[PDB]
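**Q** Quick one: the structure is below, and I'll ask about it shortly.
What follows draws every value from the coordinates through simple rules; no lab data is involved. Because the Cβ atoms are built from the backbone with ideal geometry, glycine has one as well, and the counts that use them run over all protein chains shown.
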Amino acid sequence: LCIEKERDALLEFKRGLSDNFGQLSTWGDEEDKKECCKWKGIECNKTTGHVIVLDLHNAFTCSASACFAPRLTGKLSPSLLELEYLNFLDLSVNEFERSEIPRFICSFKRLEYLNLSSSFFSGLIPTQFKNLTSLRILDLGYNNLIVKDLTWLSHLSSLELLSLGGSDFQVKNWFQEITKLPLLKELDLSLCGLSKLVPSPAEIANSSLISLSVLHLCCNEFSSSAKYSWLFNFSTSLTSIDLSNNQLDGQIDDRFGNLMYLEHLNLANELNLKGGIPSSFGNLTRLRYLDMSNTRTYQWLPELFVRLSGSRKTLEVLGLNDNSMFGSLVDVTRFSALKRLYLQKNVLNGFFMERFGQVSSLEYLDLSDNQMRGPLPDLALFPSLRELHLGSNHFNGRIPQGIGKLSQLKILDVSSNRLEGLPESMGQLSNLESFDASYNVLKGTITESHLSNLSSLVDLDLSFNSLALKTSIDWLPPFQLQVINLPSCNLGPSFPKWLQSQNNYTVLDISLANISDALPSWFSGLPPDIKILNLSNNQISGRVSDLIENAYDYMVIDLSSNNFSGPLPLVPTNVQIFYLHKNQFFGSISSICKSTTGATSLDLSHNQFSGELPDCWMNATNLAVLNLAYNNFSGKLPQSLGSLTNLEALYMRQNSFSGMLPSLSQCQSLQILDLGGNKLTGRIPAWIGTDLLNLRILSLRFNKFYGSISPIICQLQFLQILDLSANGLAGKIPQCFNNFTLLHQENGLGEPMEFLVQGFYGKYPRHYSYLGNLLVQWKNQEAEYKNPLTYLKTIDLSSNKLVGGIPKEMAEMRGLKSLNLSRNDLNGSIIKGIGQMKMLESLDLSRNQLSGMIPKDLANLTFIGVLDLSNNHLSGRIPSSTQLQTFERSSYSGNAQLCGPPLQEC
Amino acid sequence: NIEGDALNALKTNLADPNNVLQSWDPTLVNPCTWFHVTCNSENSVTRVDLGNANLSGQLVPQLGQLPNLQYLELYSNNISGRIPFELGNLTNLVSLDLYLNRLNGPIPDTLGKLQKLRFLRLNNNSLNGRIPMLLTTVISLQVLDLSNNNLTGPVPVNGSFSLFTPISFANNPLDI
Amino acid sequence: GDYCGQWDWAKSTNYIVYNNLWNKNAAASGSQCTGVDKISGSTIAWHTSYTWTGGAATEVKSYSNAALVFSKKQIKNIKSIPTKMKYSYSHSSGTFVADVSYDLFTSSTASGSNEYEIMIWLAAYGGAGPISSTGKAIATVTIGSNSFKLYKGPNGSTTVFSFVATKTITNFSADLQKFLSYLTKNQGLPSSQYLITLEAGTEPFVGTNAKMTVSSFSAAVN
Ligand SMILES: *[C@@H]1O[C@H](CO)[C@@H](O[C@@H]2O[C@H](CO)[C@@H](O[C@@H]3O[C@H](CO[C@H]4O[C@H](CO[C@H]5O[C@H](CO)[C@@H](O)[C@H](O)[C@@H]5O[C@H]5O[C@H](CO)[C@@H](O)[C@H](O)[C@@H]5O)[C@@H](O)[C@H](O[C@H]5O[C@H](CO)[C@@H](O)[C@H](O)[C@@H]5O)[C@@H]4O)[C@@H](O)[C@H](O[C@H]4O[C@H](CO)[C@@H](O)[C@H](O)[C@@H]4O)[C@@H]3O)[C@H](O)[C@H]2NC(C)=O)[C@H](O)[C@H]1NC(C)=O
Ligand SMILES: *[C@@H]1O[C@H](CO)[C@@H](O[C@@H]2O[C@H](CO)[C@@H](O[C@@H]3O[C@H](CO[C@H]4O[C@H](CO)[C@@H](O)[C@H](O)[C@@H]4O)[C@@H](O)[C@H](O[C@H]4O[C@H](CO)[C@@H](O)[C@H](O)[C@@H]4O)[C@@H]3O)[C@H](O)[C@H]2NC(C)=O)[C@H](O)[C@H]1NC(C)=O
Ligand SMILES: *[C@@H]1O[C@H](CO)[C@@H](O[C@@H]2O[C@H](CO)[C@@H](O[C@@H]3O[C@H](CO)[C@@H](O)[C@H](O)[C@@H]3O)[C@H](O)[C@H]2NC(C)=O)[C@H](O)[C@H]1NC(C)=O
Ligand SMILES: *[C@@H]1O[C@H](CO)[C@@H](O[C@@H]2O[C@H](CO)[C@@H](O[C@@H]3O[C@H](CO)[C@@H](O)[C@H](O)[C@@H]3O)[C@H](O)[C@H]2NC(C)=O)[C@H](O)[C@H]1NC(C)=O
Ligand SMILES: *[C@@H]1O[C@H](CO)[C@@H](O[C@@H]2O[C@H](CO)[C@@H](O[C@@H]3O[C@H](CO)[C@@H](O)[C@H](O)[C@@H]3O)[C@H](O)[C@H]2NC(C)=O)[C@H](O)[C@H]1NC(C)=O
Ligand SMILES: *[C@@H]1O[C@H](CO)[C@@H](O[C@@H]2O[C@H](CO)[C@@H](O[C@@H]3O[C@H](CO)[C@@H](O)[C@H](O)[C@@H]3O)[C@H](O)[C@H]2NC(C)=O)[C@H](O)[C@H]1NC(C)=O
Ligand SMILES: *[C@@H]1O[C@H](CO)[C@@H](O[C@@H]2O[C@H](CO)[C@@H](O[C@@H]3O[C@H](CO)[C@@H](O)[C@H](O)[C@@H]3O)[C@H](O)[C@H]2NC(C)=O)[C@H](O)[C@H]1NC(C)=O
Ligand SMILES: *[C@@H]1O[C@H](CO)[C@@H](O[C@@H]2O[C@H](CO)[C@@H](O)[C@H](O)[C@H]2NC(C)=O)[C@H](O)[C@H]1NC(C)=O
Ligand SMILES: *[C@@H]1O[C@H](CO)[C@@H](O[C@@H]2O[C@H](CO)[C@@H](O)[C@H](O)[C@H]2NC(C)=O)[C@H](O)[C@H]1NC(C)=O
Ligand SMILES: *[C@@H]1O[C@H](CO)[C@@H](O)[C@H](O)[C@H]1NC(C)=O
Ligand SMILES: *[C@@H]1O[C@H](CO)[C@@H](O)[C@H](O)[C@H]1NC(C)=O
Ligand SMILES: *[C@@H]1O[C@H](CO)[C@@H](O)[C@H](O)[C@H]1NC(C)=O
Ligand SMILES: *[C@@H]1O[C@H](CO)[C@@H](O)[C@H](O)[C@H]1NC(C)=O
Ligand SMILES: *[C@@H]1O[C@H](CO)[C@@H](O)[C@H](O)[C@H]1NC(C)=O
Ligand SMILES: *[C@@H]1O[C@H](CO)[C@@H](O)[C@H](O)[C@H]1NC(C)=O
Ligand SMILES: *[C@@H]1O[C@H](CO)[C@@H](O)[C@H](O)[C@H]1NC(C)=O
Ligand SMILES: *[C@@H]1O[C@H](CO)[C@@H](O)[C@H](O)[C@H]1NC(C)=O
Ligand SMILES: *[C@@H]1O[C@H](CO)[C@@H](O)[C@H](O)[C@H]1NC(C)=O
Ligand SMILES: *[C@@H]1O[C@H](CO)[C@@H](O)[C@H](O)[C@H]1NC(C)=O
Ligand SMILES: *[C@@H]1O[C@H](CO)[C@@H](O)[C@H](O)[C@H]1NC(C)=O
Ligand SMILES: *[C@@H]1O[C@H](CO)[C@@H](O)[C@H](O)[C@H]1NC(C)=O
Ligand SMILES: *[C@@H]1O[C@H](CO)[C@@H](O)[C@H](O)[C@H]1NC(C)=O
């Protein structure tokens, strides 16, 4: 055993190769590693000591969106020739010096196996391979090889397995050379250019007879049955055929039926099969695997099942996903040996019934993304199911009581269905790991018996049902959940008690429950690797400054709409959503500065935070929305707010700020700037129009803003809400109001605001919609409009001492849906053209000093709902219209000269 | 939420080509911020203004579940149906103008229950029936117009109808 | 300047340069920092330095990229996507695995979950490979004097196509409409999909004192 020269040759071979991942670690010249046979990848004869097997091959281990293989880089040493009795050589996935296949391999003289497939060899196959007469298995597939002559294959007369896929195949007469191998049983010719290399019928006529069993003809642009017809000459002995990824546009050839002994058909990823299974099938009698995924069959499913009825006792896998197949799944149990049935993403609009009692051998069933209706079948007839996907269908009724007879289920996805209840025997599954039953109309209560024996549950998903979860006190859960998504579930009036034993969970979303209890003493420390916390829309009370502890993996904290009180909790260094609004927190927020944060959306509104705002906002430059509204902050706005380059929504209103306003110049992509109340003083900032160009909402109302509205504000081009009411302004209304696009469109809904939480689904981000409110003066009422960006289009400049006339350029503002220019010292006349404003539902020009008579065009409105022209020095007659005459005397009063049908008569 | 539910019931039954009903959503506590709906103090609906808005459909029986409503304007719309009897439950309606519209049926007698109505315009409609007798019992009705309609029977003149003109009742199959 | 956070970025006009350490916790004792150096019109220049060791040495640790903001347009309405990228790289010691890749993300709507992802691998070091259901290429495509092998794979509910170059391309200049049209005509990618995002950057697995410098990168959608 372990001849010294053989060991020396192996060591010299290792010397050239550069290993970085621990392979060939057993190989060495140390005394402890003297035995050759014990090395990894080396097998030796038992009588003598010569090496018989050398397999330094690897495998691809794959992750989210990348695979890695531990390749061996280096130079293939020619000392391997010293291993003169070697018969098994395998160097498959390694990438050595990407060069020619070494020629010395021609002189092993006993090789019965060679596998250089999936390496990075290039160039022509050496002509010396004619010395490999003893070779039975040859695999050179999937390299950058160029095969243009096959005159060496004639000598290799002992082959049973030849693979030359992935090559730049340019052999014109490959069929003639292949037929010379009398013992060939399979042939891999995938990814070659076999579309442009078809054998003429004379070549088939003049060829020796050989019997193949497996054909791997994929990735050849056949696109028709006239280019792969030759394989039907092997109809007597074929067992496996592979034809995936060929852009086949036509009916499946009827000669596929009458292929006796056929056991493996793969016709996935085609262009259009136009009908699917021909009637020629049902003669197969030996099928064991049929794949037709992503082929656009457009076939009736019961017809397909009847046409596969010749091989019910043998068929094992049936892949028919990503197609357009209709009908219903009726009597799947009649296929006895079936183990996989993938019917994903079809147009199946039918039922799922058994209507005959036999047991099924299915282990994986997939029916997601369909339109299936009716109740679920008796699941006790599928006792061996390991996975069950039934989402995005229209199933209804209670889940059958036989679901507890499975005992092998691992995934149960019944989300987005019209299901009605949950059975009691669900708790005896004992092997379930995931339970996704969300977005159904589920009713009842889940007691501990429903969860009594689920010892391996890791995911619980009962989101958005009418469900309740009442577990008795002194119950020890038999699981340790990792994700807990139970929104809109009645988790009891008091805080749930079964969370005491629950450690090691990554997300916890128990919002919209009915928890009206103080935060328990034991609930002090979250699991160290928690990701998403959402306790929103409850009535939980207590102190949460002792609950957030800067875990490295925080992404979402949502404690909004509760009864929490105390100081501001710590802001974790990697959190992105920090929502704390509609609570009772009080104190200063100076603790939002000491650490840099990745926060992108924080909401502190509707709280009692006081004190001056800290000058620390350069440590948080990833902000998208910032809500510090409805508090009692005070003092000047910090200059550091100008460092928020990513800012797009500033909600700072209903506070007690003061002073001038800082230079938010380099704050592009800012869409909303709301500063209602807040006692701000100074002239209107000249940089609003110069720099802010994407602004859509500008709310500076109930402040002290002296000066004039500079015409620069017209350069915004996207304003739909302008509100400067109660500000103590002056000057003339700008004549440049035409330039505001989106106020001329008759019916245009602006897109809502959307920010990005990155890293949600691993590599993929998530898009979040922030539908912020806006306090407006709508129809004589101060109201909080919910989503102003989508619908509202208002201009309000009332009670600001504006002097001059109404600009004539507002006539063509079709999309304006409100106008309030009241309580100003304006003079002139109502502009002729207001009647062109089709969708104006609120007009208010009262308490001005206007003149003239009411224009006739006002009769064309037909949508105006509130009007007020009181105390405005008009004259003449009110125009006659259905809407105008439906207004009270107060709407037209205060004019000493006006007379109309509403009031008196000429 | 009751008024919002009634307005939503009105919305679902009708079809909007120009999409002027998109802002009506049930989530809001009150329908006050809805477009074409006018508010008052304490958030009660007092005007429903829909003129040349191209709406097509039929009237809704639970439209009258709004107690504090005035000035119901739905003229010049493609609404095919029958005038509900529940409209009599309006105890504060002032103006009801439904003209240039296609509603079939009679004029309900319960409509005369309005003791504060002032405006009633049902013109260019196809209503099969006769003039209600009780409608003259309201003395606050200042103008009325039932013309170009399938009107038959007698023409009432006693009481509140003594101040009107035959022009209000013209182009009808039978007036006598 | 140079920033080190997990989710921080250096936004500029029409470009956003991320750090994107989305799988930082899968490595032991590593770090990474990116920085934008020069901006000139549509041209950008940035750099990324990192050092990752140990842990799950078979997983991507970060995707520090340079994404572009554009109007969300359907594939059939896209005329040309001219792109040029010149980069240089420098590693230090060994056990090096990384990748330089273009990502395109397309979905059914203009704002929704990704349903199709398109890799374009311009360089593969240390045995890093694209995701594949079978581990073998399904197409060979030559576009603009540059060979490519196409791989298909699943990632959750997303289908990932991958165009891997045959020779390392340190200087790339091409049109993404060629790849998109090939996918729509041959591989069955729907032509009504909305091209959500375009981005290009590095994708390390393991490295020591590693630095990649993009001397120029420009892109646009017409
Ligand atoms: C020369 O050397 C080379 C070395 O490079 C040799 O080549 C290697 O040969 C070995 C064989 O010894 C190969 O390993 C074998 O791989 C197969 C294939 O596995 C992959 O597919 C499985 C099925 O995938 C389908 O189904 C799943 C769902 O079930 C779906 O997700 C897939 O996308 C795919 O779906 C398609 O088909 C469906 C059904 O029709 C359709 O519905 C659908 O629409 C699609 O059309 C899959 O299960 C498997 O998953 C594994 O890998 C992933 C990723 O790494 C991982 O996440 C999983 O957890 C799994 O680990 C793969 O994706 C495989 O079936 C074989 O399994 C054998 O071994 C196991 C070991 O435990 C046994 O349990 C099995 O019973 C079985 O015996 C085996 O692993 C290898 O792939 C191959 N490599 C290369 C590069 O070629 C070559 O053979 C040598 N030469 C000679 C002459 O020998
Ligand atoms: C912390 O937890 C709270 C509560 O658990 C979360 O707040 C909820 O967030 C969800 C997800 O965004 C919201 O659900 C969505 O509501 C939208 C609005 O619903 C109204 O409008 C629609 C359309 O007019 C009506 O049909 C409906 O009856 C309501 O009147 C819906 O439009 C959304 O539907 C979309 O998604 C579903 C599910 O994917 C699809 O099936 C739909 O087809 C559609 O695409 C969705 O249902 C929910 O409203 C929020 N509740 C509250 C009280 O705010 C927080 O988001 C969470 N914190 C964080 C950070 O996420
Ligand atoms: C390990 O080495 C031994 C010895 O070289 C191998 O045993 C040999 O096996 C062959 C094949 O069976 C024998 O050849 C046959 O011998 C019989 C009897 O002499 C003869 O009638 C046949 O016609 C044929 O020639 C050979 O004799 C035998 N060696 C000895 C010494 O008996 C063994 O196969 C090797 N192991 C592996 C895995 O290769
Ligand atoms: C913005 O964020 C940075 C970093 O997150 C803050 O700087 C940090 O400030 C704290 C408090 O002063 C420093 O802690 C102290 O450091 C000294 C010197 O090392 C040490 O002797 C003390 O015992 C204490 O640990 C911390 O070192 C410092 N970090 C850095 C990187 O400078 C900064 O205060 C935040 N706010 C502003 C307005 O910049
Ligand atoms: C109506 O709104 C448009 C914006 O949509 C305004 O056009 C803008 O006018 C300013 C004038 O100062 C342009 O700024 C100039 O830019 C050039 C090139 O960057 C620079 O060399 C100049 O020194 C100046 O800064 C700005 O580019 C331009 N924007 C667009 C999109 O054309 C317009 O002024 C508004 N008012 C009208 C038309 O009365
Ligand atoms: C346009 O904006 C002005 C203010 O900028 C709005 O004026 C507001 O009008 C209402 C109704 O006339 C006033 O309510 C009043 O309340 C007093 C009691 O305080 C009551 O005695 C009066 O009879 C009346 O109900 C309100 O005070 C006033 N706001 C002020 C003076 O600041 C006007 O409603 C807006 N127009 C539209 C169409 O929304
Ligand atoms: C104006 O004239 C109309 C008819 O031209 C009056 O309507 C009629 O009013 C009388 C009551 O004075 C009604 O008589 C009652 O009829 C019911 C059955 O319907 C019966 O149970 C009562 O005992 C009583 O007899 C009559 O029905 C009604 N309609 C007709 C067609 O005659 C209307 O009241 C007059 N308005 C005035 C005078 O203010
Ligand atoms: C399935 O195979 C049978 C033979 O086993 C085919 O029947 C042949 O064709 C016709 C049938 O109309 C008859 O001449 C004989 O039954 C068979 N001919 C022979 C044996 O020479 C049958 O056609 C096949 N199924 C389909 C759909 O074609
Ligand atoms: C939870 O499941 C386990 C399965 O391991 C049950 O343990 C046995 O279950 C069988 C029937 O399923 C009984 O006949 C045995 O008596 C059980 N063993 C013991 C030691 O009790 C276990 O009973 C299940 N839980 C409950 C409450 O029945
Ligand atoms: C190939 O076989 C021939 C025939 O015996 C022999 O002469 C020649 O030397 C062999 N080639 C090698 C490289 O051994
Ligand atoms: C036809 O077959 C015979 C059989 O020996 C062979 O000699 C001849 O070369 C073949 N024809 C051609 C054109 O190769
Ligand atoms: C091969 O198939 C063709 C087409 O059916 C046929 O004409 C020819 O006779 C077949 N040859 C053999 C040897 O079976
Ligand atoms: C804790 O959770 C991790 C997943 O983060 C899992 O791998 C581990 O097995 C869990 N341990 C226990 C005891 O539940
Ligand atoms: C749960 O809370 C909702 C409102 O938050 C309430 O309508 C319902 O009656 C509550 N149910 C119980 C059982 O407390
Ligand atoms: C939580 O706050 C609301 C309003 O702020 C209040 O009505 C409610 O009583 C509070 N909860 C408790 C338990 O007091
Ligand atoms: C904010 O402080 C002022 C003055 O101390 C106080 O009047 C006001 O009530 C406080 N805000 C709240 C919400 O209590
Ligand atoms: C409007 O007021 C200004 C300010 O005094 C005045 O100059 C102007 O003449 C007035 N308009 C008219 C038409 O008199
Ligand atoms: C608008 O008003 C003018 C003037 O009264 C009138 O001539 C015109 O017909 C009106 N527009 C429509 C669409 O009726
Ligand atoms: C909507 O109404 C207008 C009248 O202003 C009319 O011209 C248009 O044809 C109507 N639209 C439809 C679809 O009937
Ligand atoms: C809709 O209303 C218009 C307005 O007069 C009318 O011309 C049209 O015929 C109506 N469409 C119908 C009744 O289908
Ligand atoms: C509303 O009108 C209907 C129709 O006549 C009537 O039955 C009902 O009693 C009315 N509602 C009330 C509260 O009177
Ligand atoms: C009613 O129809 C007639 C023609 O049938 C038309 O002349 C008249 O203008 C219409 N009424 C109104 C108010 O338009």
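**Q** What is the residue count in region A:859-871 for residues that are buried (at least 22 other Cβ atoms within 10 Å of the Cβ) and more than 18 Å from residue B:72 (Cα to Cα)?
**A** Going through region A:859-871 one residue at a time, the tally reaches 2.
**Q** Where the second residue is more than 16 Å from ligand 15 (Cβ to nearest atom) and among the aromatic types (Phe, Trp, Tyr) and the first is within 11 Å of chain A (Cβ to nearest Cβ) and at positive phi and lies in region B:71-100, which pairs have Cβ atoms under 7 Å and are six or more apart or on separate chains?
**A** These pairs meet every condition: B:100/B:75.
**Q** Among B:98, B:87, which is under 11 Å from the mean Cα position of the chain (by Cα), more than 16 Å from ligand 19 (Cβ to nearest atom) and buried (at least 21 other Cβ atoms within 10 Å of the Cβ)? Break it down stepwise before answering.
**A** Details: B:87 fails: buried (at least 21 other Cβ atoms within 10 Å of the Cβ).
None of the others qualify; the one that does is B:98.
**Q** Write out, first by first residue and then by second, each pair whose Cβ atoms fall under 8 Å of each other, whose residues are 6+ apart or on separate chains, and whose first residue, in region C:56-85, is within 12 Å of chain A (Cβ to nearest Cβ) while the second is of a type in the set (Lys, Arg).
**A** Hits for this filter: C:60/A:763; C:61/C:24; C:62/C:24; C:63/A:763.
**Q** Looking at residue A:788, is it in a strand (DSSP E or B), surrounded by 16 or more Cβ atoms within 10 Å (Cβ to Cβ) and more than 16 Å from ligand 18 (Cβ to nearest atom)? Walk me through it before giving the result.
**A** Values: in a strand (DSSP E or B): no; surrounded by 16 or more Cβ atoms within 10 Å (Cβ to Cβ): yes; more than 16 Å from ligand 18 (Cβ to nearest atom): yes.
In short, no.
**Q** Pull up region A:237-255, narrow it to residues that are more than 17 Å from residue A:280 (Cβ to Cβ) and away from chain C (no Cβ under 14 Å), then point me to the one that is farthest from ligand 12 (Cβ to nearest atom). Before the answer, list the steps.
**A** We begin by selecting, within region A:237-255, every residue more than 17 Å from residue A:280 (Cβ to Cβ); these are A:237, A:239-240, A:242, A:244-247, A:249.
From what's left, away from chain C (no Cβ under 14 Å): A:237, A:239-240.
Numbers: A:237: 12, A:239: 18, A:240: 20 Å.
The extreme case among them is A:240.
**Q** Given the condition in a strand (DSSP E or B), hydrophobic (A, V, I, L, M, F, W, C) and surrounded by fewer than 20 Cβ atoms within 10 Å (Cβ to Cβ), answer yes or no: does some residue in region C:136-143 qualify?
**A** Within region C:136-143, the subset in a strand (DSSP E or B) is C:139-142.
Those still in the list that are hydrophobic (A, V, I, L, M, F, W, C) too: C:139, C:141.
Within this subset, residues satisfying the condition of being surrounded by fewer than 20 Cβ atoms within 10 Å (Cβ to Cβ) are C:139, C:141.
Taking every residue of region C:136-143 in turn, at least one turns out to be in a strand (DSSP E or B), hydrophobic (A, V, I, L, M, F, W, C) and surrounded by fewer than 20 Cβ atoms within 10 Å (Cβ to Cβ).
**Q** Sort out which residues of region A:761-776 are within 12 Å of chain B (Cβ to nearest Cβ) and either surrounded by 16 or more Cβ atoms within 10 Å (Cβ to Cβ) or not in a loop (DSSP other than H, G, I, E, B) (or both), and write them in order of number. Before the answer, list the steps.
**A** Going through region A:761-776, the residues within 12 Å of chain B (Cβ to nearest Cβ) turn out to be A:771, A:773-776.
Those that are within 12 Å of chain B (Cβ to nearest Cβ) and either surrounded by 16 or more Cβ atoms within 10 Å (Cβ to Cβ) or not in a loop (DSSP other than H, G, I, E, B) (or both): A:773, A:774, A:775, A:776.
**Q** Additional query: So how many residues does region A:316-346 have that are more than 30 Å from the chain's Cα centre (by Cα) and assigned to a strand (DSSP E or B)?
**A** The qualifying residues number 1.
So that you can scan it fast, the table gives a plain yes or no per residue for (1) within 14 Å of chain C (Cβ to nearest Cβ); (2) more than 16 Å from ligand 13 (Cβ to nearest atom); (3) within 22 Å of residue A:404 (Cα to Cα); (4) out of contact with any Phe, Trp or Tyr (no Cβ under 7 Å at 6 or more places or on another chain):
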| residue | (1), (2), (3), (4) |
| --- | --- |
| A:445 | no, yes, yes, yes |
| A:467 | no, yes, yes, yes |
| A:470 | no, yes, yes, yes |
| A:473 | no, yes, no, yes |
| A:476 | no, no, yes, yes |
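**Q** Could I ask something else about it? As an exercise: evaluate residue A:560 against (1) surrounded by fewer than 19 Cβ atoms within 10 Å (Cβ to Cβ); (2) part of a loop (DSSP other than H, G, I, E, B); (3) among the small types (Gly, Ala, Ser) and give the number of the one condition it does not meet.
**A** The single condition residue A:560 does not satisfy is (1).
**Q** Another one. How about region A:441-453: which of its residues are crowded, with 21+ Cβ neighbours inside 10 Å and assigned to a loop (DSSP other than H, G, I, E, B)?
**A** Matches in region A:441-453: A:442 only.
**Q** In the list A:466, A:456, A:438, A:472, which residue meets the criterion of being crowded, with 16+ Cβ neighbours inside 10 Å and either more than 16 Å from ligand 15 (Cβ to nearest atom) or of a type outside the set (A, V, I, L, M) (or both)? Before the answer, list the steps.
**A** Numbers: A:466 fails: crowded, with 16+ Cβ neighbours inside 10 Å; A:456 fails: crowded, with 16+ Cβ neighbours inside 10 Å; A:472 fails: crowded, with 16+ Cβ neighbours inside 10 Å.
It is A:438.
Here's the yes/no breakdown for (1) of a type outside the set (A, V, I, L, M, F, W, C); (2) more than 16 Å from ligand 12 (Cβ to nearest atom); (3) not in a helix (DSSP H, G or I):
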site	(1), (2), (3)
B:87	no, yes, no
B:96	no, yes, yes
B:100	no, yes, yes
B:105	yes, yes, yes
B:116	yes, yes, yes
B:123	yes, yes, yes
B:135	no, yes, no
B:144	no, yes, yes
B:149	yes, yes, yes
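**Q** Something else: Can you list residue pairs whose Cβ atoms sit under 8 Å apart, with the first residue in region A:29-45 being touching a residue at least 24 places away in the same chain (Cβ under 8 Å) and the second being within 16 Å of ligand 1 (Cβ to nearest atom)? Count only pairs 6 or more apart in sequence or on different chains.
**A** Matching pairs, first to second residue: A:42/A:53; A:42/A:54; A:43/A:53; A:43/A:88.
**Q** Would region A:65-85 turn up any residue that is out of contact with any helix residue (DSSP H, G or I) (no Cβ under 7 Å at 6 or more places or on another chain), more than 30 Å from residue C:206 (Cα to Cα), more than 16 Å from ligand 1 (Cβ to nearest atom) and away from chain C (no Cβ under 14 Å)?
**A** Scanning region A:65-85 turns up at least one residue that is out of contact with any helix residue (DSSP H, G or I) (no Cβ under 7 Å at 6 or more places or on another chain), more than 30 Å from residue C:206 (Cα to Cα), more than 16 Å from ligand 1 (Cβ to nearest atom) and away from chain C (no Cβ under 14 Å).
**Q** Of everything in region A:394-413 that's buried (at least 22 other Cβ atoms within 10 Å of the Cβ) and either in a loop (DSSP other than H, G, I, E, B) or more than 28 Å from the chain's Cα centre (by Cα) (or both), which residue is farthest from ligand 9 (Cβ to nearest atom)? Working first, answer last.
**A** Filtering region A:394-413 down to residues buried (at least 22 other Cβ atoms within 10 Å of the Cβ) leaves A:395, A:399, A:403, A:406, A:409, A:412.
From what's left, either in a loop (DSSP other than H, G, I, E, B) or more than 28 Å from the chain's Cα centre (by Cα) (or both): A:395, A:399, A:403, A:406, A:409.
Values: A:395: 28, A:399: 20, A:403: 16, A:406: 13, A:409: 14 Å.
Looking at residues that are buried (at least 22 other Cβ atoms within 10 Å of the Cβ) and either in a loop (DSSP other than H, G, I, E, B) or more than 28 Å from the chain's Cα centre (by Cα) (or both), I get A:395.
**Q** Taking region A:489-530, which residues are surrounded by fewer than 16 Cβ atoms within 10 Å (Cβ to Cβ), among the small types (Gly, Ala, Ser) and farther than 20 Å from residue A:454 by Cα?
**A** A:494, A:516, A:518, A:521, A:524, A:525 - these are the residues of region A:489-530 that are surrounded by fewer than 16 Cβ atoms within 10 Å (Cβ to Cβ), among the small types (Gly, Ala, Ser) and farther than 20 Å from residue A:454 by Cα.
**Q** Go through A:107, A:99 for me and flag whichever is more than 14 Å from residue A:54 (Cα to Cα), out of contact with any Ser or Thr (no Cβ under 9 Å at 6 or more places or on another chain) and among the polar types (S, T, N, Q). Walk me through it before giving the result.
**A** Values: A:99 fails: out of contact with any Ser or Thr (no Cβ under 9 Å at 6 or more places or on another chain).
Of the residues listed, the single one that is more than 14 Å from residue A:54 (Cα to Cα), out of contact with any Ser or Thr (no Cβ under 9 Å at 6 or more places or on another chain) and among the polar types (S, T, N, Q) is A:107.
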